[PDB]
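Chemist: Mind having a look at this structure? Questions to follow.
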Amino acid sequence: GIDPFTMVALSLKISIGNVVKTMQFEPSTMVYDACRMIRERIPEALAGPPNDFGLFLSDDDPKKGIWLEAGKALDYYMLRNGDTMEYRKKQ
């Protein structure tokens with residue numbers, strides 16, 4: 001794939017374990033595609049199976065954080081430039 005930055009791009013802070021990387025995603029980018037972007041830009045995403053991990057929308061409270069569905073898009077989850085999302089393992 002290719003590193004996104006086209007026009008208005010959703011710059012989210014991707015947390016993988018302890019690695020927080022500000023990543024620029026396209027608004028219409030699907031969650032499985034955003035994962036495709038991290039795995040390629042940050043190697044730590046490849047710490048396990050792709051469906052075993054996932055995108056976790058980070059809020060101010062841990063219980064407000066939700067798991068982004070692969071079949072949905074980033075914009076769909078009200079994601080913005082400056083938000084934090086932790087690409088981490090499910091369960």
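Going through the structure tokens in order, the chains are called A, B, and so on, while each chain numbers its residues from 1 and the ligands are numbered from 1 in the order shown.
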Can you tell me, as a list in words, what residues are no more than 9 Å from region 43-60 of chain A when counting only C-alpha atoms, ignoring any on the same chain fewer than 6 positions away?
Modeler: residues 14, 16, 17, 19, 31, 32, 34, 35, 36, 66, 67, 68, 69, 70, 77, 79, 83, 84, 85, 86, 87, 88, 89, 90 and 91 of chain A
Chemist: Just want the 7 Å neighbourhood of residue 27 (chain A), counted on only C-alpha atoms, with same-chain residues fewer than 3 positions away dropped. Output as JSON, numbers by chain.
Modeler: {"A": [9, 10, 74, 75]}
Chemist: Could you check how far CA of residue 15 (chain A) sits from CA of residue 80 (chain A), in Å to one decimal?
Modeler: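 Separation between CA of residue 15 (chain A) and CA of residue 80 (chain A): 15.3 Å.
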Chemist: Which residues in region 49-87 of chain A does DSSP call strand (DSSP E)? List them as a list in words.
Modeler: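 After running DSSP on the backbone, region 49-87 of chain A has strand (DSSP E) at residues 53, 54, 55, 56, 57, 58, 66, 67, 68, 84, 85, 86 and 87 of chain A.
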Chemist: Can you pull out every residue from chain A that DSSP, working from the backbone, puts in alpha helix (DSSP H), and format the result as a list in words?
Modeler: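 Selecting the alpha helix (DSSP H) positions of chain A gives residues 31, 32, 33, 34, 35, 36, 37, 38, 39, 40 and 41 of chain A.
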Chemist: Write the residues you've just listed into a file as a PDB file, in the first residue's frame, and include N, CA and C atoms for each of them.
Modeler:
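For reference, part.pdb as written:
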```
ATOM      1  N   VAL A  31     -11.342   0.194   8.101  1.00  0.00           N
ATOM      2  CA  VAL A  31     -10.567  -0.220   9.264  1.00  0.00           C
ATOM      3  C   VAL A  31      -9.542  -1.302   8.914  1.00  0.00           C
ATOM      4  N   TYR A  32      -9.929  -2.265   8.079  1.00  0.00           N
ATOM      5  CA  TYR A  32      -8.996  -3.319   7.677  1.00  0.00           C
ATOM      6  C   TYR A  32      -7.885  -2.737   6.813  1.00  0.00           C
ATOM      7  N   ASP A  33      -8.202  -1.644   6.141  1.00  0.00           N
ATOM      8  CA  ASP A  33      -7.246  -0.982   5.257  1.00  0.00           C
ATOM      9  C   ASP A  33      -6.306  -0.102   6.071  1.00  0.00           C
ATOM     10  N   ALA A  34      -6.838   0.492   7.132  1.00  0.00           N
ATOM     11  CA  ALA A  34      -6.026   1.263   8.062  1.00  0.00           C
ATOM     12  C   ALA A  34      -5.020   0.352   8.759  1.00  0.00           C
ATOM     13  N   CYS A  35      -5.462  -0.855   9.100  1.00  0.00           N
ATOM     14  CA  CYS A  35      -4.571  -1.876   9.637  1.00  0.00           C
ATOM     15  C   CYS A  35      -3.482  -2.213   8.619  1.00  0.00           C
ATOM     16  N   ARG A  36      -3.888  -2.327   7.356  1.00  0.00           N
ATOM     17  CA  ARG A  36      -2.962  -2.562   6.249  1.00  0.00           C
ATOM     18  C   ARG A  36      -1.897  -1.465   6.192  1.00  0.00           C
ATOM     19  N   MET A  37      -2.285  -0.261   6.562  1.00  0.00           N
ATOM     20  CA  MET A  37      -1.372   0.867   6.551  1.00  0.00           C
ATOM     21  C   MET A  37      -0.375   0.781   7.702  1.00  0.00           C
ATOM     22  N   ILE A  38      -0.852   0.456   8.902  1.00  0.00           N
ATOM     23  CA  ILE A  38       0.032   0.402  10.063  1.00  0.00           C
ATOM     24  C   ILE A  38       1.048  -0.713   9.929  1.00  0.00           C
ATOM     25  N   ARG A  39       0.590  -1.904   9.551  1.00  0.00           N
ATOM     26  CA  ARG A  39       1.481  -3.055   9.399  1.00  0.00           C
ATOM     27  C   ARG A  39       2.653  -2.706   8.484  1.00  0.00           C
ATOM     28  N   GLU A  40       2.373  -1.889   7.478  1.00  0.00           N
ATOM     29  CA  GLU A  40       3.370  -1.522   6.493  1.00  0.00           C
ATOM     30  C   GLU A  40       4.241  -0.355   6.961  1.00  0.00           C
ATOM     31  N   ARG A  41       3.691   0.529   7.788  1.00  0.00           N
ATOM     32  CA  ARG A  41       4.441   1.709   8.221  1.00  0.00           C
ATOM     33  C   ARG A  41       5.143   1.456   9.554  1.00  0.00           C
TER      34      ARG A  41
END
```
Chemist: Please measure the separation of CA of residue 62 (chain A) and CA of residue 21 (chain A), giving the value in Å to one decimal.
Modeler: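 If I compute the distance from CA of residue 62 (chain A) to CA of residue 21 (chain A), I get 19.2 Å.
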